[PDB]
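Before any questions on how it binds or moves, here is one chain, the form deposited in one PDB entry, in structure tokens.
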């Protein structure tokens, strides 16, 4: 049985509004309804991995797992295996995989983050799962962020607390948060961003939804506008939205949006909004293609409609040469030429680099760079040709060209990272000086840039 070089992944997010689901929820897993939907001819073809995020979930883990497994078995005639399940309050994540993947999946991690202090600690936060699929690391985050049209800044703060404090992936990657730990990271949930239009325009918004004219609404979607101004989800992707707002509906129909202020809403309006989202972030030059992104039309127990997204995701095999793992492959080397970091920091300490990658036996520390002043105020840390030669565990180009090098720039004084980024080894050529670039972030905010040249030697 050959190892796959591609898998498909289902992402579901549903805020269940504290109500049990209806007897049939198959439309969700079939990506049927509104938006970018899945072709009928694929209905019997199982996804490799299903990841289900719920919010306001009133079920026990046992009750929900039974409903999910029964639904997938009805669709596919496959009995899926439970990879992981984790619940914080009424926020839950389930990961199911085809039984043929049981031995391909390892290093399963789960964690949660509670957002807010005192008043604002008690029901919002995130749960997450990570694991290895052969040679590929996968991470999944389900978050229920702060509610209310006038709290987009709070939502952005919730986002930063979740990416800092969610402990998934390889703990040896100590300078790196979840936005750098995975080949593919999917972040979904009731993110609770709203269409920021005046309250008086509610009936106008409903009219536009009835006409399937979403352009004037999406131009006011707080997640799109905050992302465009680099306030949140920096370096994440989202498929184009072509489905109606998924909140806030009257239950038992989809014909009516319930937007007017009520005692039950804390006297807040809920203008129709795209609260329920799926975003992703993959390492550079890895195959990731969104194949569906939409909402169901026929599941009406909640004031939200379920959202689905599906992806093709590139995966690599667990590589074994005569040499690595457990030694170097003296034929392989990675060289950095003329490299420098441009940092936004006002501080003046010395900096060094750490290189982390699963193609190295352990991370590599550089010597300190030489600081200079950029022409527009910046700190430029020059490394020249002083960076160590990296010795990969395997030199075979079918392995090495698929790998990635994580870079952290650290203060000599404090050993704290000022910036993290990632460089693909999927080069246009080997034994050739080629430009490399990554932005640098810390706590998922832009802090600088790393650029220079690379020279990769493989056994070929």
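Residue numbers count along the first chain shown, from 1.
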Which of the two stretches, 340-348 or 228-236, shows the higher mean Cα temperature factor in the record? 340-348
Identify the stretch, either 415-423 or 50-58, whose C-alpha atoms have the larger mean B-factor according to the entry. 415-423
Sort 27, 403, 430, 37 by C-alpha B-factor from the entry and give me just the highest. 430
Candidate residues 243, 133, 383, 89, the one whose C-alpha B factor the record puts highest: 383
On the chain's distribution of Cα B-factors, residue 323 falls within the third called highest
Check where residue 42 lands among this chain's C-alpha B-factors and tell me if it's the lowest, middle or highest third. lowest
Where does the C-alpha B-factor of residue 290 rank in its chain, lowest, middle or highest third? lowest
Quick check for you: using the entry's CA B-factors within this chain, is residue 395 in the lowest, middle or highest third? highest
Tertile call for residue 373 (CA temperature factor, within chain, third-based) is the highest
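One more form of this protein should be noted, the form solved in complex with a small molecule, which is absent from this view; the next part is about it.
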Does the small molecule get within 4.5 angstroms of any non-hydrogen atom of residue 300 in the deposited bound form? no
Tell me, yes or no, whether residue 108 is in contact with the small molecule in the deposited bound form, where a contact means a heavy atom of each within 4.5 Å. yes
Indicate whether residue 203 is a 4.5 Å heavy atom neighbour of the small molecule in the deposited bound form. no
My question is simply whether residue 83 lines the interface with the small molecule in the deposited bound form - judged by any non-hydrogen atom within 4.5 Å. yes
Between 361, 312, 102, 196, only one gets a heavy atom within 4.5 angstroms of the small molecule in the deposited bound form; which residue is that? 102
Pick the stretch from 259-267, 140-148, 75-83, 246-254 whose residues have a heavy atom within 4.5 Å of the small molecule in the deposited bound form. 75-83
